[PDB]
$ cat input_17.pdb   # PDB, C-alpha atoms
ATOM      1  CA  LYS A   1      13.598 103.072 115.357  1.00  0.00           C
ATOM      2  CA  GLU A   2      12.129 102.143 111.985  1.00  0.00           C
ATOM      3  CA  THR A   3       8.356 101.863 112.012  1.00  0.00           C
ATOM      4  CA  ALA A   4       6.492  98.678 111.018  1.00  0.00           C
ATOM      5  CA  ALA A   5       5.003 100.580 108.062  1.00  0.00           C
ATOM      6  CA  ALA A   6       8.454 101.777 106.836  1.00  0.00           C
ATOM      7  CA  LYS A   7       9.854  98.234 107.355  1.00  0.00           C
ATOM      8  CA  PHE A   8       7.065  96.874 105.130  1.00  0.00           C
ATOM      9  CA  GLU A   9       8.018  99.372 102.400  1.00  0.00           C
ATOM     10  CA  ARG A  10      11.699  98.458 102.718  1.00  0.00           C
ATOM     11  CA  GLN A  11      11.148  94.698 102.683  1.00  0.00           C
ATOM     12  CA  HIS A  12       8.274  94.426 100.227  1.00  0.00           C
ATOM     13  CA  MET A  13       7.744  97.379  97.938  1.00  0.00           C
ATOM     14  CA  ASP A  14       9.379  97.861  94.593  1.00  0.00           C
ATOM     15  CA  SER A  15       7.398 100.569  92.766  1.00  0.00           C
ATOM     16  CA  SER A  16      10.432 101.310  90.614  1.00  0.00           C
ATOM     17  CA  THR A  17      10.141  98.284  88.359  1.00  0.00           C
ATOM     18  CA  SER A  18       7.117  96.503  86.891  1.00  0.00           C
ATOM     19  CA  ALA A  19       8.650  93.078  87.303  1.00  0.00           C
ATOM     20  CA  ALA A  20      11.975  91.349  87.987  1.00  0.00           C
ATOM     21  CA  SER A  21      14.144  91.885  84.890  1.00  0.00           C
ATOM     22  CA  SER A  22      16.624  89.088  85.407  1.00  0.00           C
ATOM     23  CA  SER A  23      17.375  86.083  87.560  1.00  0.00           C
ATOM     24  CA  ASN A  24      19.589  88.336  89.697  1.00  0.00           C
ATOM     25  CA  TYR A  25      16.746  90.565  90.914  1.00  0.00           C
ATOM     26  CA  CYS A  26      16.439  88.801  94.263  1.00  0.00           C
ATOM     27  CA  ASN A  27      20.140  88.640  94.969  1.00  0.00           C
ATOM     28  CA  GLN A  28      20.411  92.381  94.316  1.00  0.00           C
ATOM     29  CA  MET A  29      17.237  93.423  96.166  1.00  0.00           C
ATOM     30  CA  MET A  30      17.706  91.232  99.217  1.00  0.00           C
ATOM     31  CA  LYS A  31      21.148  92.766  99.627  1.00  0.00           C
ATOM     32  CA  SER A  32      20.243  96.388  98.849  1.00  0.00           C
ATOM     33  CA  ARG A  33      17.168  96.463 101.095  1.00  0.00           C
ATOM     34  CA  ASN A  34      19.370  95.109 103.919  1.00  0.00           C
ATOM     35  CA  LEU A  35      17.455  91.846 104.314  1.00  0.00           C
ATOM     36  CA  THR A  36      20.724  89.836 104.511  1.00  0.00           C
ATOM     37  CA  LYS A  37      22.571  92.027 107.047  1.00  0.00           C
ATOM     38  CA  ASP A  38      22.364  89.731 110.067  1.00  0.00           C
ATOM     39  CA  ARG A  39      21.429  86.464 108.330  1.00  0.00           C
ATOM     40  CA  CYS A  40      19.985  85.204 105.022  1.00  0.00           C
ATOM     41  CA  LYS A  41      16.229  85.799 105.298  1.00  0.00           C
ATOM     42  CA  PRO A  42      14.892  82.599 103.669  1.00  0.00           C
ATOM     43  CA  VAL A  43      11.936  83.954 101.661  1.00  0.00           C
ATOM     44  CA  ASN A  44      10.763  87.419 100.694  1.00  0.00           C
ATOM     45  CA  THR A  45       8.200  88.854  98.285  1.00  0.00           C
ATOM     46  CA  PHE A  46       8.489  92.201  96.555  1.00  0.00           C
ATOM     47  CA  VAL A  47       5.376  93.902  95.119  1.00  0.00           C
ATOM     48  CA  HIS A  48       5.682  95.927  91.903  1.00  0.00           C
ATOM     49  CA  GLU A  49       2.849  98.353  92.419  1.00  0.00           C
ATOM     50  CA  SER A  50       2.287 101.862  93.699  1.00  0.00           C
ATOM     51  CA  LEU A  51       2.351 102.353  97.456  1.00  0.00           C
ATOM     52  CA  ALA A  52      -1.237 103.634  97.322  1.00  0.00           C
ATOM     53  CA  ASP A  53      -2.509 100.514  95.540  1.00  0.00           C
ATOM     54  CA  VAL A  54      -0.911  98.271  98.187  1.00  0.00           C
ATOM     55  CA  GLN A  55      -2.095 100.466 101.101  1.00  0.00           C
ATOM     56  CA  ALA A  56      -5.628 100.179  99.655  1.00  0.00           C
ATOM     57  CA  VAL A  57      -5.569  96.448 100.267  1.00  0.00           C
ATOM     58  CA  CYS A  58      -6.225  97.244 103.941  1.00  0.00           C
ATOM     59  CA  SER A  59      -9.768  98.110 102.932  1.00  0.00           C
ATOM     60  CA  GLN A  60     -10.331  95.091 100.609  1.00  0.00           C
ATOM     61  CA  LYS A  61     -11.199  91.486 101.506  1.00  0.00           C
ATOM     62  CA  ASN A  62     -10.730  90.697 105.226  1.00  0.00           C
ATOM     63  CA  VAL A  63      -9.365  87.196 105.651  1.00  0.00           C
ATOM     64  CA  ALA A  64      -7.676  85.320 108.481  1.00  0.00           C
ATOM     65  CA  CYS A  65      -3.851  85.472 108.330  1.00  0.00           C
ATOM     66  CA  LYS A  66      -1.980  82.165 108.197  1.00  0.00           C
ATOM     67  CA  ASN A  67      -1.396  82.412 111.966  1.00  0.00           C
ATOM     68  CA  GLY A  68      -5.069  83.004 112.798  1.00  0.00           C
ATOM     69  CA  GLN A  69      -5.006  86.790 113.309  1.00  0.00           C
ATOM     70  CA  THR A  70      -8.005  88.558 111.712  1.00  0.00           C
ATOM     71  CA  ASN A  71      -6.252  91.714 110.552  1.00  0.00           C
ATOM     72  CA  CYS A  72      -5.329  90.293 107.137  1.00  0.00           C
ATOM     73  CA  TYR A  73      -6.679  91.457 103.826  1.00  0.00           C
ATOM     74  CA  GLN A  74      -6.588  89.966 100.352  1.00  0.00           C
ATOM     75  CA  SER A  75      -6.285  92.074  97.197  1.00  0.00           C
ATOM     76  CA  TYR A  76      -9.303  92.135  94.951  1.00  0.00           C
ATOM     77  CA  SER A  77      -6.913  92.230  91.983  1.00  0.00           C
ATOM     78  CA  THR A  78      -3.808  90.275  91.072  1.00  0.00           C
ATOM     79  CA  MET A  79      -0.575  92.238  91.452  1.00  0.00           C
ATOM     80  CA  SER A  80       2.878  91.953  89.959  1.00  0.00           C
ATOM     81  CA  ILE A  81       5.088  90.271  92.540  1.00  0.00           C
ATOM     82  CA  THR A  82       8.563  88.744  92.764  1.00  0.00           C
ATOM     83  CA  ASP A  83       9.134  85.764  95.097  1.00  0.00           C
ATOM     84  CA  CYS A  84      12.669  85.358  96.415  1.00  0.00           C
ATOM     85  CA  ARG A  85      13.608  81.910  97.878  1.00  0.00           C
ATOM     86  CA  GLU A  86      17.099  81.084  99.209  1.00  0.00           C
ATOM     87  CA  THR A  87      18.996  78.533  97.094  1.00  0.00           C
ATOM     88  CA  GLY A  88      20.943  75.473  98.164  1.00  0.00           C
ATOM     89  CA  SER A  89      24.187  77.412  97.509  1.00  0.00           C
ATOM     90  CA  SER A  90      23.215  80.271  99.800  1.00  0.00           C
ATOM     91  CA  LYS A  91      25.794  80.754 102.521  1.00  0.00           C
ATOM     92  CA  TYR A  92      25.945  83.769 104.792  1.00  0.00           C
ATOM     93  CA  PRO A  93      27.139  86.417 104.109  1.00  0.00           C
ATOM     94  CA  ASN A  94      26.825  85.334 100.473  1.00  0.00           C
ATOM     95  CA  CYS A  95      23.065  84.912 100.534  1.00  0.00           C
ATOM     96  CA  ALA A  96      21.683  83.595  97.264  1.00  0.00           C
ATOM     97  CA  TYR A  97      18.168  83.442  95.932  1.00  0.00           C
ATOM     98  CA  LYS A  98      15.970  82.142  93.177  1.00  0.00           C
ATOM     99  CA  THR A  99      13.778  84.793  91.577  1.00  0.00           C
ATOM    100  CA  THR A 100      10.195  83.944  90.591  1.00  0.00           C
ATOM    101  CA  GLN A 101       7.914  86.586  88.949  1.00  0.00           C
ATOM    102  CA  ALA A 102       4.181  86.149  88.954  1.00  0.00           C
ATOM    103  CA  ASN A 103       0.849  87.908  89.047  1.00  0.00           C
ATOM    104  CA  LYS A 104      -1.066  86.930  92.167  1.00  0.00           C
ATOM    105  CA  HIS A 105      -3.420  88.279  94.773  1.00  0.00           C
ATOM    106  CA  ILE A 106      -1.475  89.413  97.903  1.00  0.00           C
ATOM    107  CA  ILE A 107      -2.534  89.006 101.546  1.00  0.00           C
ATOM    108  CA  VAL A 108      -1.174  91.570 104.028  1.00  0.00           C
ATOM    109  CA  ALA A 109      -1.692  92.281 107.675  1.00  0.00           C
ATOM    110  CA  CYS A 110      -2.667  95.865 108.500  1.00  0.00           C
ATOM    111  CA  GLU A 111      -2.294  97.970 111.572  1.00  0.00           C
ATOM    112  CA  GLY A 112      -2.388 101.534 112.851  1.00  0.00           C
ATOM    113  CA  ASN A 113      -3.878 104.848 111.957  1.00  0.00           C
ATOM    114  CA  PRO A 114      -3.517 105.355 109.082  1.00  0.00           C
ATOM    115  CA  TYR A 115      -4.241 101.632 108.711  1.00  0.00           C
ATOM    116  CA  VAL A 116      -1.506 100.296 106.472  1.00  0.00           C
ATOM    117  CA  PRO A 117       0.282  97.082 105.587  1.00  0.00           C
ATOM    118  CA  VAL A 118       2.865  95.959 108.182  1.00  0.00           C
ATOM    119  CA  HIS A 119       3.396  92.330 107.150  1.00  0.00           C
ATOM    120  CA  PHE A 120       3.264  90.273 104.003  1.00  0.00           C
ATOM    121  CA  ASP A 121       1.252  87.111 104.731  1.00  0.00           C
ATOM    122  CA  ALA A 122       0.937  85.240 101.420  1.00  0.00           C
ATOM    123  CA  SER A 123       0.228  85.418  97.715  1.00  0.00           C
ATOM    124  CA  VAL A 124      -2.651  83.395  96.305  1.00  0.00           C
TER
END

$ encode --input "input_17.pdb" --output "structure tokens"
Amino acid sequence: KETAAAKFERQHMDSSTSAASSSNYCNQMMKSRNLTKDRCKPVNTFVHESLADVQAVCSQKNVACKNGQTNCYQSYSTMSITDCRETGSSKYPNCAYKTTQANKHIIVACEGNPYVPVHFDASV
């Protein structure tokens, strides 16, 4: 079945664009990446950077994850991200989201060998 590392790429990586280009980014991405297949995932962040730059975060600043785990890491640099938050009009299967673009430090949880991002924890 899909690996945690591949899942992270599918849910959170968008190396193909530098930023969201319109308010419809989230609606299109959430759908296309299959995040709304079973239900409307409430929140999701997409990172507009190279895969290598995001994998490198696993060797940056170790910080506790929001849930207390100690396998989280914070990016030394800000990164281009897009926050997707479900709107009041969202109704499965017609999931709807508000798109928010920003430049923030990301916090990911890493695992494995190679040690790569498997979860997106927060943006700060």

$ resolve_selection --input "input_17.pdb" --expression "the PyMOL selection byres ((chain A and resi 45) around 10)" --output "ChimeraX atom specification"
/A:11-14,26,30,43-44,46-48,81-85,99-101,106,120-123

$ closest_residue --input "input_17.pdb" --among "A:6, A:20, A:68, A:61" --to "residue A:103" --atoms "all atoms listed in the file"
A:20

$ residues_around --input "input_17.pdb" --residues "residue A:64" --least-positions-apart "6" --cutoff "10 Å" --atoms "only C-alpha atoms" --output "PyMOL selection string"
chain A and resi 70-74+107+109+121

$ closest_residue --input "input_17.pdb" --among "A:113, A:36, A:50, A:69" --to "residue A:15" --atoms "only C-alpha atoms"
A:50

$ closest_residue --input "input_17.pdb" --among "A:18, A:39, A:58, A:28" --to "residue A:93" --atoms "all atoms listed in the file"
A:39

$ resolve_selection --input "input_17.pdb" --expression "the PyMOL selection byres ((chain A and resi 92) around 12)" --output "NGL selection string"
:A and (31 or 35-42 or 86-91 or 93-97)

$ write_last_selection --input "input_17.pdb" --atoms "C-alpha atoms" --output "short mmCIF file (atom, residue, chain, number, x, y, z; two decimals), in the coordinates of the input"
data_model
loop_
_atom_site.label_atom_id
_atom_site.label_comp_id
_atom_site.auth_asym_id
_atom_site.auth_seq_id
_atom_site.Cartn_x
_atom_site.Cartn_y
_atom_site.Cartn_z
CA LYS A 31 21.15 92.77 99.63
CA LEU A 35 17.45 91.85 104.31
CA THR A 36 20.72 89.84 104.51
CA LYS A 37 22.57 92.03 107.05
CA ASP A 38 22.36 89.73 110.07
CA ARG A 39 21.43 86.46 108.33
CA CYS A 40 19.98 85.20 105.02
CA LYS A 41 16.23 85.80 105.30
CA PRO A 42 14.89 82.60 103.67
CA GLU A 86 17.10 81.08 99.21
CA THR A 87 19.00 78.53 97.09
CA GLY A 88 20.94 75.47 98.16
CA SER A 89 24.19 77.41 97.51
CA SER A 90 23.22 80.27 99.80
CA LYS A 91 25.79 80.75 102.52
CA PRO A 93 27.14 86.42 104.11
CA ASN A 94 26.82 85.33 100.47
CA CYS A 95 23.06 84.91 100.53
CA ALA A 96 21.68 83.60 97.26
CA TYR A 97 18.17 83.44 95.93
#

$ residues_around --input "input_17.pdb" --residues "residue A:4" --least-positions-apart "3" --cutoff "12 Å" --atoms "all atoms listed in the file" --output "CSV table (one decimal) with C-alpha atoms, in the coordinates of the input"
chain,number,residue,atom,x,y,z
A,1,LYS,CA,13.6,103.1,115.4
A,7,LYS,CA,9.9,98.2,107.4
A,8,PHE,CA,7.1,96.9,105.1
A,9,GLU,CA,8.0,99.4,102.4
A,10,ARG,CA,11.7,98.5,102.7
A,11,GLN,CA,11.1,94.7,102.7
A,12,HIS,CA,8.3,94.4,100.2
A,109,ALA,CA,-1.7,92.3,107.7
A,110,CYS,CA,-2.7,95.9,108.5
A,111,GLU,CA,-2.3,98.0,111.6
A,112,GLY,CA,-2.4,101.5,112.9
A,115,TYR,CA,-4.2,101.6,108.7
A,116,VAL,CA,-1.5,100.3,106.5
A,117,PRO,CA,0.3,97.1,105.6
A,118,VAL,CA,2.9,96.0,108.2
A,119,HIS,CA,3.4,92.3,107.2
A,120,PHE,CA,3.3,90.3,104.0

$ closest_residue --input "input_17.pdb" --among "A:114, A:80, A:16, A:3" --to "residue A:59" --atoms "all atoms listed in the file"
A:114

$ atom_distance --input "input_17.pdb" --atom1 "atom CA of residue A:67" --atom2 "atom CA of residue A:53"
24.5 Å

$ atom_distance --input "input_17.pdb" --atom1 "atom CA of residue A:98" --atom2 "atom CA of residue A:27"
7.9 Å

$ axis_aligned_box --input "input_17.pdb" --around "stretch 21-38 of chain A" --padding-each-side "5 Å" --output "JSON"
{"center_x": 18.4, "center_y": 91.3, "center_z": 97.5, "size_x": 18.4, "size_y": 20.4, "size_z": 35.2}

$ atom_distance --input "input_17.pdb" --atom1 "atom CA of residue A:21" --atom2 "atom CA of residue A:60"
29.3 Å

$ closest_residue --input "input_17.pdb" --among "A:51, A:102, A:79, A:124" --to "residue A:5" --atoms "only C-alpha atoms"
A:51

$ build_atoms --input "input_17.pdb" --residues "stretch 72-97 of chain A" --atoms "N, CA and C atoms" --output "JSON list (two decimals), in the coordinates of the input"
[["chain", "number", "residue", "atom", "x", "y", "z"],
["A", 72, "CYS", "N", -5.89, 90.48, 108.46],
["A", 72, "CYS", "CA", -5.33, 90.29, 107.14],
["A", 72, "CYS", "C", -6.36, 90.66, 106.07],
["A", 73, "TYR", "N", -5.81, 91.06, 104.91],
["A", 73, "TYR", "CA", -6.68, 91.46, 103.83],
["A", 73, "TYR", "C", -6.06, 90.93, 102.51],
["A", 74, "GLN", "N", -6.98, 90.47, 101.69],
["A", 74, "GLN", "CA", -6.59, 89.97, 100.35],
["A", 74, "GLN", "C", -6.99, 90.95, 99.27],
["A", 75, "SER", "N", -6.05, 91.15, 98.35],
["A", 75, "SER", "CA", -6.28, 92.07, 97.20],
["A", 75, "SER", "C", -7.36, 91.52, 96.29],
["A", 76, "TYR", "N", -8.24, 92.48, 95.89],
["A", 76, "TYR", "CA", -9.30, 92.14, 94.95],
["A", 76, "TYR", "C", -8.63, 91.75, 93.59],
["A", 77, "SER", "N", -7.59, 92.48, 93.28],
["A", 77, "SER", "CA", -6.91, 92.23, 91.98],
["A", 77, "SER", "C", -5.60, 91.53, 92.15],
["A", 78, "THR", "N", -5.17, 90.91, 91.05],
["A", 78, "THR", "CA", -3.81, 90.28, 91.07],
["A", 78, "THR", "C", -2.84, 91.47, 91.03],
["A", 79, "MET", "N", -1.62, 91.22, 91.47],
["A", 79, "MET", "CA", -0.57, 92.24, 91.45],
["A", 79, "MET", "C", 0.72, 91.61, 90.96],
["A", 80, "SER", "N", 1.58, 92.44, 90.43],
["A", 80, "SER", "CA", 2.88, 91.95, 89.96],
["A", 80, "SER", "C", 3.76, 91.77, 91.22],
["A", 81, "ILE", "N", 4.22, 90.54, 91.39],
["A", 81, "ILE", "CA", 5.09, 90.27, 92.54],
["A", 81, "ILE", "C", 6.30, 89.47, 92.10],
["A", 82, "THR", "N", 7.35, 89.55, 92.95],
["A", 82, "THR", "CA", 8.56, 88.74, 92.76],
["A", 82, "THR", "C", 8.81, 87.94, 94.09],
["A", 83, "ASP", "N", 8.81, 86.62, 93.94],
["A", 83, "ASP", "CA", 9.13, 85.76, 95.10],
["A", 83, "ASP", "C", 10.63, 85.52, 95.09],
["A", 84, "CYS", "N", 11.26, 85.60, 96.26],
["A", 84, "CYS", "CA", 12.67, 85.36, 96.42],
["A", 84, "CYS", "C", 12.81, 84.16, 97.40],
["A", 85, "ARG", "N", 13.43, 83.11, 97.00],
["A", 85, "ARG", "CA", 13.61, 81.91, 97.88],
["A", 85, "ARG", "C", 15.12, 81.57, 97.91],
["A", 86, "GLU", "N", 15.66, 81.39, 99.11],
["A", 86, "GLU", "CA", 17.10, 81.08, 99.21],
["A", 86, "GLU", "C", 17.41, 79.77, 98.51],
["A", 87, "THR", "N", 18.54, 79.73, 97.85],
["A", 87, "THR", "CA", 19.00, 78.53, 97.09],
["A", 87, "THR", "C", 19.89, 77.67, 97.97],
["A", 88, "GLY", "N", 20.11, 76.45, 97.45],
["A", 88, "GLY", "CA", 20.94, 75.47, 98.16],
["A", 88, "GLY", "C", 22.37, 75.96, 98.30],
["A", 89, "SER", "N", 22.84, 76.87, 97.46],
["A", 89, "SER", "CA", 24.19, 77.41, 97.51],
["A", 89, "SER", "C", 24.34, 78.64, 98.40],
["A", 90, "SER", "N", 23.20, 79.08, 98.95],
["A", 90, "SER", "CA", 23.22, 80.27, 99.80],
["A", 90, "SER", "C", 24.00, 79.96, 101.11],
["A", 91, "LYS", "N", 24.89, 80.84, 101.41],
["A", 91, "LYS", "CA", 25.79, 80.75, 102.52],
["A", 91, "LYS", "C", 26.18, 82.13, 103.04],
["A", 92, "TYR", "N", 25.66, 82.47, 104.22],
["A", 92, "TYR", "CA", 25.94, 83.77, 104.79],
["A", 92, "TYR", "C", 27.44, 84.04, 104.84],
["A", 93, "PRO", "N", 27.88, 85.25, 104.51],
["A", 93, "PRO", "CA", 27.14, 86.42, 104.11],
["A", 93, "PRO", "C", 26.78, 86.50, 102.62],
["A", 94, "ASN", "N", 27.12, 85.40, 101.94],
["A", 94, "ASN", "CA", 26.82, 85.33, 100.47],
["A", 94, "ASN", "C", 25.49, 84.64, 100.25],
["A", 95, "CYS", "N", 24.45, 85.43, 100.63],
["A", 95, "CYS", "CA", 23.06, 84.91, 100.53],
["A", 95, "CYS", "C", 22.70, 84.79, 99.07],
["A", 96, "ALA", "N", 22.04, 83.76, 98.68],
["A", 96, "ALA", "CA", 21.68, 83.60, 97.26],
["A", 96, "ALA", "C", 20.24, 83.18, 97.14],
["A", 97, "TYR", "N", 19.53, 83.68, 96.15],
["A", 97, "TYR", "CA", 18.17, 83.44, 95.93],
["A", 97, "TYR", "C", 17.72, 83.16, 94.51]]
